[PDB]
Every structure is written in structure tokens, then in C-alpha cells.
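Before any comments, here is the structure.
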Amino acid sequence: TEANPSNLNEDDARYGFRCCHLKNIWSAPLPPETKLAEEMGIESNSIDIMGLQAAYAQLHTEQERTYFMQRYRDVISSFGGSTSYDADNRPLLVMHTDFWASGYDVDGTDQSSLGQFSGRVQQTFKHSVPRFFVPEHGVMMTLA
Amino acid sequence: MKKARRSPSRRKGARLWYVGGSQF
Amino acid sequence: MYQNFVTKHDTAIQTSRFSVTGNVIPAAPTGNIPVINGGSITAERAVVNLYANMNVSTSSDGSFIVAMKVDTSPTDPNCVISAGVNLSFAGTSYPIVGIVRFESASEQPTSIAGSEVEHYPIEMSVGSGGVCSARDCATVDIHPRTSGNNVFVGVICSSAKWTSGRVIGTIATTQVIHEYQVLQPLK
Amino acid sequence: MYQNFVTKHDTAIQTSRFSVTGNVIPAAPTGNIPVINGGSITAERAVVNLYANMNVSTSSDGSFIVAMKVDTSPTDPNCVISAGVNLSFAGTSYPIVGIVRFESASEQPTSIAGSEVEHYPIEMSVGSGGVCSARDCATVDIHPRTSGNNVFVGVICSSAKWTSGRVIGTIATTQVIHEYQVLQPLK
Amino acid sequence: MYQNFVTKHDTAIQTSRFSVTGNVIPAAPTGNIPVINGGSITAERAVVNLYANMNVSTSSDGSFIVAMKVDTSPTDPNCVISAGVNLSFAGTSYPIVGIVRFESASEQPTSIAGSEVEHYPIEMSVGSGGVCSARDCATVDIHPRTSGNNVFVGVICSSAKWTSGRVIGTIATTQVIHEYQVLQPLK
Amino acid sequence: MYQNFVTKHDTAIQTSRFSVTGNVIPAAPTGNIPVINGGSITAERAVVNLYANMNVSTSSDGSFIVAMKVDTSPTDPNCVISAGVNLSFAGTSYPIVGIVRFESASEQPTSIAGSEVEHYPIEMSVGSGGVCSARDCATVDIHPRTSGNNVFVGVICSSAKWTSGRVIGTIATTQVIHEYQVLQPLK
Amino acid sequence: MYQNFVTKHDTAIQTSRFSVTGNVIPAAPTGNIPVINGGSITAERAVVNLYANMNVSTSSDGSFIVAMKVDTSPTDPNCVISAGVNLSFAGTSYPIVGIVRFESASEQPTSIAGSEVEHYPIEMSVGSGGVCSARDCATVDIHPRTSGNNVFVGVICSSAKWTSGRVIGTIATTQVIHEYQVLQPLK
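Residue numbers (the authors' numbering), protein chains in the order written: chain X, 145 to 288; chain D, 1 to 24; chain H, 1 to 187; chain Y, 1 to 187; chain F, 1 to 187; chain Z, 1 to 187; chain R, 1 to 187.
Here you go:
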């Protein structure tokens, strides 16, 4: 929530924010506040089995939310409904491309560099956005 | 030696990562 | 920065060493130059350690030699011979060094007539009154010119006017027929 | 002009430093050479700063050593070892330097018998009566020759005739198993 | 013959110059080394001209520094720093030089505690009693190690025993982040 | 071995020569440095032969210059300027050399104010009390900075304390805008 | 490490040798420089051995030359000429060396007028009061400039103030028109 580009720090402002590593077991853990146990109160000597039933149901709603419905839009999708991008002010994703960056090695050829190599990665790529209709004034930003 | 440079996608199978929502 | 892996002289490793002590009587080229070796190494890998006394009994000017025998196996006409010297003299005499070649039917020459020695000048790093240092090499034909002799090579140390006193250092020398393999971090 | 990015010796960066003060009693090779280190660094990255007094209590001629422990991890038989020295002596003694190798079961050798030291001569930049400077390297086998010892390497400073007085400078030395990355404007 | 276009140090062109006059009071590392600059240039392009008097008011042995501020813009961890010195001293003192790195929250450090200075030894071309010359470089981490300081680099000149007298020469030094383009007749 | 065809300085061939005799009165930078030339060559190919008497009439410390005019034809911003000097002085003065650049509306400057001279330090091969030798080069902007002047370049020789006496040697210097073709046996 | 197979000067092998003895009377450039050769070799492969007495009968300052005749067969305009010298003088005189070119209708010039000698300065390794050493080369036009003469090249040794005494060393010099083949272990 920085208010001005001037509230950003050296690195961020010049290179952009940092993003998440590709997903793996250690970089895609369940949200840190994930419940590991759900307590349910009980009268000194008895337990309301009907309440216990509700308790679970309630928990279920809580979990679903924590695990994958943390964003309003996703909760509404949960019900089988939908939301315009104006509903939560989300930028509209118009096109997403992804590709691997490969290249070649350069062979060292002098007395000491003979048998050495330097990797030069150089990948060509196309990123094409199909004719899009702009309903209101604004910006079309493309990032990498 | 094309695939050998790029770590697999693990696209086969079901969903593994629940992290609260969509994360690029 | 990048490490420089090429050198003009590579000192032998763990082998061909010998320590020379006592007196060293330099001589003029008109006479017989002292080859301060009886335990003359020869993989033409040699490291001689000096901790002797430079004594002017004979001539006041002259030179002495540290030699090593050349391996004549190679079919190549001639190969490179590098030397690395560091000598500190107690008495100002302005040492001077260089590579030499001489033959002898003997296996362990104790001295060699100056007229029988061939010279090969080298980049001399330092030549102060008290210390001479150099690390360089020269091209030398390695096959015996006179059928039946052994070929010796080594560095010679001379002076226009020596001064009795202690001398200390190292005279290393090698015939290149092998380049010591070395760890290069980027390969 | 184009900048020269290759060097014979690259001094450690921000690490492995130590300052040596007090007296330094050089010794003859027949005895035990002083290893003026108890805080012997060892990423075989070492920078020793000298601001001591060269004292001739024992012998008038001899030498002292600045050592650092070798990393024996590499499977490579031997790697390069560079040193960079700059020493100004108050009393004319014509210093002389060189790389050395010696083993010891001890982790912090305070001295080493001269007979146990191996020599490797190097291009000595300057060797005036009062200052010796050099920046060079040599090839050295890095694995312990006698099962159970630690391998040390370093530069040794000798003299044919020392002179009591102050000495000041820097003795840097490193085993190349990493080449420091550097900004090259044209890449 | 072919012209050699690569060099270990490239002196700044038409910029970053300053002349130092008056007295220069060298100091021991136990104290605060004199940074004979208030007009400390910094494109880490610096050419300091010396025409002063080496005065031994404080210690008889010690050193002084000529510094320049490092440009910390580069994202590269560390870059090369070259220096080129030529100093003739009237009084035999056997100068000695080297590159140094030290930080300071101050923009124009007048002196720096010896304990806060880091050393980088260099190939010293000459080291006679009256003149020291060198043109070399070293690798140095360029980012401030202690958040909030400025990083300085420069050459330091020391001596085991200074001698009051005039000194004259040039202390040039630069951080390589640009290689000066040059006319090469065959391209 | 293979012949090294690249050099830091290539002396002019058969041209641009001049012999300087008589007295040479060195001066301090606060004054006007002597440009011991009226017959100043300029293909920025210059070979000046010295056989004069170093005379200390003015200051006891100072310097003199040997200059040559730069060809400003090249559209290239700046080109390399090499010099090769060998000077033996009768009186110990510990010479010191370097490349310099200075402008002047005059075609044959007899002297130049020290404040108008720009310095470029160079690897000085030797700097004994009696002889200075060097063969190196530096990058210099070749176009006149002040519209209407001529650009001069050359080597300057200074000293902290000169000594009246004879001086003999050669001061060669050239601006590289041509690399002399040479016979290379293997091409 | 890797062996360095390129050199600035390659001394002739087994040929073109000669020993010079007796007195050597240096002379000033205003007169006729001594060409201490009658047995002047010329495959422009020359190795002259010195064991003479530097005698100051004529001038107290001056120089002498060691020459060798140039092979003018090559159609190439000019080729490289390397020299390698090592001279220790008994009397402090601060020698100085360099390559020279001069023509003469004579086959064995005993001396050459200083005005007829052309100079080519070279990287001088050492220039102490008692010893001069150098191993370098220079580019020289090899064809006779005056129809009918022979072209000579060689090294000249000068001094600002000579000192009667013994001199000893080697003056090697060669015109590169052949690079001596050498065993390179990795080919």
C-alpha cells in the first residue's frame, strides 16, 4: 500500500516488486494461519452432538475460505455467481504469455581459456494481445 | 537436451497448491 | 579479477631438491666454473637451496653454476628451459644470472671449463648490489652435439667483483616437457 | 585503453586479515623458522599486516614465515597459490621472498623446522636494500603427503645479513579456488 | 610492431585533478593516517599532483593516503581499482605503496584511523631508496559495508624510516567502470 | 620460442630525430617548465637524444620536458601515446618520468607554465639513483580543448633533489595512429 | 601452470658466438663509438660474451657498441630486432642500453661515428649502479638506405660517468626472421 513512488525503496522503485518463487512444497505452504485444530466447547459432562455437527459445517466454511477463497471475487464464484472487474477494482488481465529462455555456449579458444565455456542465453518471443475493446479511459500495461 | 535445461511442469495430475487464491 | 594461469617458469613439485652448504669459490671464464652439485638432479626439474658462504679464494670476479641434467628422450629438436632464482648476498657484489648449456661424458660434473659453456641471457627481475632475482626461460637444443655426452643445463651466477660473505636463496630450474595441471575454478 | 582484468595474485576481500606486531626473530634454515602467526587464517585467503621490529637476537642471517592453511577439499591434485608482498625495512638487509609449503599435525604452527619447508621461487618485483616487493604465484600440490597432517602454504622472507630495525608492509597470499567476479564495462 | 592497447591502469583524462602542497605528516597505523585531501575527487577518477615537503613531526615511520570516493551506483558486487604512482623523495626513505579501502560517514575525510583501513598489495615497479613507482590494480567490493557510509579507495604510501625532505610526483587512481575508447589503426 | 610482436611503445623509424646538448635548467611546477626543443618534431613520432649537462641554476628540485606535437587529424576522440626513455645521470638525483599534455597557440613552445601541464603516470621500469628507464603509454584526448591552440604531448623528467652533472640517453615518444608492419616468419 | 612460450627475445642456439676481452674504451657521441667486434657475426643471431676491462682513457662518459650484421634478403620493409643483455660492472657507473642501427660500406666496422648511429630505446629490466639487464626488441627498417652499404644493428651501452674496472656478462641480439620451434607438451 505505498502511497507515492517516493515511498518505495531503492530496489523496488527501480526494478519492480518481488514476486513469489515458482510453486513447490516449501514456497507454496498453506497460508500461515491455517487451522491445525478447531476447538468446541462442551458442558462439564455432556456434548451436544447436534452442535458438533454444526461446528464442523462452520469449520468447513472457514477452511474453504482460508485455503482458496480469501478474495471476495473467489467467494462469490464459490456460489456459482460472478463479479465484474469493477466489483473489487481488479485490473483486467488481457493476455498472459509464458516461455523458457534458452541460448548457447561460447567456446573459449586461447591458451588458458581453451576448454572453457560461457553461457549466452538469447530467446526470441511473441506476445500478442487480440483486439480488445476499451470501455473507459485508462492504461494498457504490459509487464514481464 | 532440450527438456534437461528446464525444470518440469508437473502439469499432470490434480491441484497441489492451495495458497489462499491465485498467485502467479 | 581473473587468475593468470600461464607462467614463464614452473618450479618442480616435491621432487628434485638438494641443499648446498659450505663454501662456493667462484671462478673466471678462463678457468673451470664450479658446478656446486654432486647430487645433480635431472628430471630437469631441480630446486637447489643455498645457504653457503661466497668465498673469494681464487679470483675476485667470476661465477658459479647450478646445473641439472637434460632428459634427451624427446624427438623434438629443442625445448624450453626455465629457471627461477632468488639470491640475497651479504656482501655487495651485484650478482647476475642466466641459463647455460654444456655437455660432459661425466654423470656428475663437479666443474666445467668456461670455454665449454654456452650462454642464454634472461630477463633479470632485480639486480641490486645485494640481491638478484629472475624468473624466465630460453630455447635450447636438447640433443647431445658430440655423440656420447650427457647434456646439462642450469643457471650461472656471475659478478664483476665478488665480496666474501654469506649467500642465501633458491635456484630452481626445469626443462619443460610437462605443464603441471592446475585447478581453474571456471572450468 | 582496454582494462587488464587478469592478475597473478588477487588479494582477499574484507576477510582473513590479521596484524602482526612486536619483535620478529629471523632464523637460519638449520633451525626452526618463525611462523609469525597463532591466528593463522586459512580460506587460503590471508592478508597479514606488518608493523613490527626486525630483531637479530638469534642469527644475523635467516628468515621468517607468514603462513596460511590450505583448503584440501578440491579433488584436483594441485592448484595455484599466489602471494603479494610489500615490505619496507628500516635497516638495509636486502630482503628476499618466495612461496613455501610445509605440513604439520598442528592447527596453529608457531614455527617450522627449516628441513621441513619446501620452496617455490617467484618473480620478485623489487629487491632494494630496504624494500622487497612481489606479486606472483606458483603451482603446489595441495593434498597432505603424510596421512593426518594439515597443509600450510605461505610466503617466506629471508636475508643474507639482517639489520635490527622496524619493518612495515603487507604479506597477502591466497590459494586460487575462486576468481573474484568483477565489473567489466563492455559485457 | 603491434601496439599494446590493454593496460593495468588508465589515468583520468582532463578531469579530477588536484595539487597537494605544503607539509605531509606521515603517521603510524596505531594512530590516524593523513588523507592529504579536502578536495577529494571521486568519479573514482583522480589524479593528485605532489609537490610537498615530507615532514617527520609525529612518527619517524608511518604512512599517508591519497584517496578518492567510489561510485556505488553499479549493481555489480565489486569492481577493479587501478592506481599509477611516481614519487621521487629527496630523503632516502624507501617508499612503498598499495591500494586501500575505508568507509566514512564524512564526505571529505581529512584522516582515517589505521584500524579502519583495509589493504590491497600491488606489483611495485620500483622501490629504490628515493623513488617508488607502480601501475597496477586490485579487486575491491564497492558497496558500503556499514549502512550509511561513503566508500573510499586510494593509494597509501608508507616507510619503515622516513626522512624529512621534499617529495614530488603523481598519484593517479581510478575505479574501472568505463574503458576509455582509443584509436586502433587497424580497425 | 614464439616471438612477441606486440609492444607498449614503438620508436619512430629513421625520422623525427634531434639531439639536445648544452645545459638543461630544471624548474619547479610553480614556475615555467623547460621544453628543451625548438626543433620540435611532430609526426608525434619523436626521438630526442640527450647528451647535455643537468644544471641547477634555478631550483634544486624540479623537472624538464621533451615534447612533440600531436596530429589532430583523426576524428577519434583520443588515441594512445607511448614513450620510451633511458637516462643515465652522473649525479644521483633519482629521476622520474611520465607523459604530459599541454596546449599552446605557439608552434615551438620553449617552456610551459607548470599550471598548464596535465599528467599521465606510467610503469617506470627502473628508478635507481642514477638511471630511470620506462617504456609505456597512456590514453590522451587529442583534440585542442581551447579553440585555436596546438596540442603537445611528451615525457617529463622530474626529481626531488637534482645534482649538477652530465646526463645521457634517449627520450622517444609517439602517438599511435599507425602500427609499423613487421615480418612475422609464420605468416 | 601453463608454460609461457612467447618471448621478447630468443637467443641464438649453438651459433654466432664470440668472446670479447681486453680493454673497452667508451666514447662520447661527438666522436666515434667503439664497435668491440672484428669477428662480427651476422645471421643477425649474435651472442657476445664479455670479460673485459672498462677503461676510461678517452672520455669519462660515453658508450660502446656490440653489433651484428642484418640479413637484407627479406622483401618485407622492416622486421623486429631483439636483444638480451646482462652486464655486471665492478665500478659503479649505472650502465644503460638500447638497440641501434647504422650503415657502413665496410664488412667489419671497428667503430662508428656517433652522428651515424640511430637509436631505439628498450624496456630496461634493471639499472642499478653496477648492473644493467634487459630483454626486449624494437622495429627497424632492414634495407640499406644508401645504395651500397651494409646494415648493422646491435645494442649500445652508455653511461653518464663510467668507472675504470672489470665488466662481465652477455650481449645477445637477433633479427627475427625465424621463430625457434619448441616442444609444447600439449600439442
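Backbone N, C-alpha and C fix where the C-beta goes; we use that ideal spot for every residue, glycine too.
Item: Which of helix, strand or coil DSSP assigns to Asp136 of chain R; Value: strand
Item: is_contact[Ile177 of chain Z, chain F] using C-beta, thresh 8 Å; Value: yes
Item: Among Z:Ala172, Z:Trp162, Z:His9, Z:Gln175, the one whose alpha carbon lies nearest that of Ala90 of chain F; Value: Z:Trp162
Item: Spatial neighbours of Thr11 of chain Z in its chain, beta-carbon cut-off 8 Å, leaving aside the 5 residues before and after; Value: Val47, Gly84, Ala172, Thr174
Item: Residue nearest to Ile156 of chain Y in terms of C-alpha spacing, selected from Y:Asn78, Y:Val20, Y:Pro34; Value: Y:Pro34
Item: The alpha helix (DSSP H) enclosing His204 of chain X, as first and last residue numbers; Value: 193-212
Item: Buried versus exposed call for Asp61 of chain Y [16 or more other C-beta atoms within 10 Å across all chains shown]; Value: buried
Item: Residue interval of the alpha helix (DSSP H) (run including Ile33 of chain R); Value: Where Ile33 of chain R is concerned, there is no enclosing alpha helix (DSSP H), although the beta strand (DSSP E) it sits in stretches over 32-34.
Item: Chain R residues whose Cβ lies nearer than 7 Å to that of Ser88 of chain Z; Value: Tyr94, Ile96, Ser158, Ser159, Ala160
Item: Closer than 8 Å to chain F by CB, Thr42 of chain Z; Value: no
Item: Which residues DSSP lists as bridging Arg6 of chain D, in chain order; Value: Bridge partners of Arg6 of chain D: none, in fact.
Item: Alpha-carbon to alpha-carbon, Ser104 of chain Z and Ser73 of chain Z; Value: 17 Å
Item: CB contact below 8 Å: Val140 of chain H versus chain X; Value: no
Item: Interface residues of chain H facing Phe5 of chain Y [CB-CB closer than 8 Å]; Value: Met1, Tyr2
Item: Interface partners of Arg135 of chain F on chain Z, CB under 7 Å; Value: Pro121, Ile122, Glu123
Item: Environment of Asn189 of chain X [buried if 16+ CB atoms lie within 10 Å]; Value: exposed
Item: Start-to-end residues for the alpha helix (DSSP H) that takes in residue 189 of chain R; Value: Outside the shown range of chain R, which is 1 to 187, sits residue 189 of chain R, and nothing can be said about it.
Item: Pick from Z:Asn55, Z:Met68, Z:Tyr51 that is closest to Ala43 of chain Z, judged by C-alpha positions; Value: Z:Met68
Item: Touch test, the segment 276-287 of chain X against the segment 248-259 of chain X, Cβ-Cβ under 8 Å, three pairs minimum; Value: no
Item: Beta carbon proximity, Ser128 of chain R to chain Z, threshold 8 Å; Value: yes
Item: Whether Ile25 of chain Z touches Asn4 of chain Z by CB criterion (8 Å); Value: no
Item: Simplified DSSP state of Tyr94 of chain Z, which is helix, strand or coil; Value: coil
Item: Spatial neighbours of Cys137 of chain Z in its chain, beta-carbon cut-off 8 Å, leaving aside the 5 residues before and after; Value: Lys8, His9, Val80, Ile81, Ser82, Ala83, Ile99, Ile122, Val176
Item: Bridge partner(s) assigned by DSSP for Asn53 of chain H; Value: H:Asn23, H:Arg166
Item: Where the beta strand (DSSP E) containing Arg264 of chain X begins and where it ends; Value: 261-265
Item: Where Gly38 of chain R falls, given that 16 or more other Cβ within 10 Å makes a residue buried; Value: exposed
Item: Of the residues Z:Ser93, Z:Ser40, Z:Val70, the one placed nearest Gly165 of chain Z, counting alpha carbons only; Value: Z:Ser93
Item: Own chain, CB closer than 6 Å to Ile41 of chain R, minus 5 neighbours either side, in chain order; Value: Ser16, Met68
Item: Within-8 Å CB hit, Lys8 of chain H to chain X; Value: no
Item: CA-to-CA distance, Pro77 of chain F to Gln181 of chain Y, given in whole angstroms; Value: 8 Å
Item: Closest by C-alpha distance to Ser111 of chain R, when choosing among R:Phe18, R:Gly154, R:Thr139, R:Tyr2; Value: R:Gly154
Item: Every unbroken beta strand (DSSP E) inside the segment 219-281 of chain X [3 residues or more]; Value: 247-251, 261-265
Item: Counted within 10 angstroms of its Cβ, other Cβ atoms place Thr139 of chain F as buried (16 or more) or exposed; Value: buried
Item: Interface flag, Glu118 of chain H vs chain R, CB-CB below 8 Å; Value: yes
Item: Closer than 8 Å to chain X by CB, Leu183 of chain H; Value: no
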